[PDB]
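Take a look at this one chain, the form deposited in one PDB entry, written out in structure tokens.
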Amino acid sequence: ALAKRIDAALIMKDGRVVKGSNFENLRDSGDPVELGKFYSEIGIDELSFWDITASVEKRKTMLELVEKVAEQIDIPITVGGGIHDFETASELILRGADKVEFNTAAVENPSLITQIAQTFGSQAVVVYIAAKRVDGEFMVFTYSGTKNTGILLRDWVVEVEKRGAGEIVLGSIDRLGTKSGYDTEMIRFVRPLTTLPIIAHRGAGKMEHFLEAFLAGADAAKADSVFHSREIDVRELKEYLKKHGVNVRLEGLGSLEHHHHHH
């Protein structure tokens, strides 16, 4: 009965959606702005824009993206990917981002969470936690999933809440690139450790996986390629979840129906 959120994430490089999308109806299936706008119309609750620009153009690219997206998209927007300090995060928020996401920079300097939360409110702060099983423990990984920090998932979750984050995206490296389901064991492990919204990430391959993640205690489920490829249709997914008792947002959606000639 608790409200659940369906989020779409867009991976970006040099201003393009990486690997694009299969929405042939779009003018440019690799334009993040057009794809994001489209997702808002068909039923996505929130968008993440995750930047992996590796050139010296990364900061500028991210700022320009936020400006273009906040122009045209009315649903909540999170921006993330290598946001390394207060100044950079503050600018992105001022530029129109509703939320900024930290990972590596916050793990190394958790004060950054508090600094943004103090200025803009907890609700403006998302922490993405990338976690993997190592020798029977859930461990926190930084640097695009490559560095074993030695920090336990259970400790970092508590610290993230203490420092002032608004929500936690829980990304299972053990499900990276997989389509067998969300890491429900990880979600269940984290659920009693925090009162914050938990957003599941990695593993989604079919509609039933979303149901499973919600039964595990996730407040939201985020996916990317499974939507962009059209393996799962967002509206169909929401209708499926509603059918089986999950409180998703459906009434607020238009009727792409096109039935009857509304002028």
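All residue numbers are counted from 1 along the displayed sequence. Here, rigid core means the biggest group of C-alpha atoms that superpose within 1.5 Å across both forms. Only residues modelled in both forms are compared.
Omitted here: the form deposited in another entry. The next part is about that form.
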Core-superposed comparison between the shown form and the other one - Cα displaced by 2 angstroms or more, from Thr53, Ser40, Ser29, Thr194: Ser29
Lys13 C-alpha moves between the shown form and the other one by 2 Å or more, core aligned: no
Distance flag for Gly20 and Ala204 (Cα, change 3 Å or more) in that other deposited form: the two residues are closer
Relative to the form shown here, do the C-alpha atoms of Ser21 and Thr146 sit closer together or farther apart in that other deposited form, given a change of 3 Å or more? closer
Per-residue Cα shift of 2 Å or more between the shown form and the other one after core superposition, grouped into runs of 3+, gives 19-29
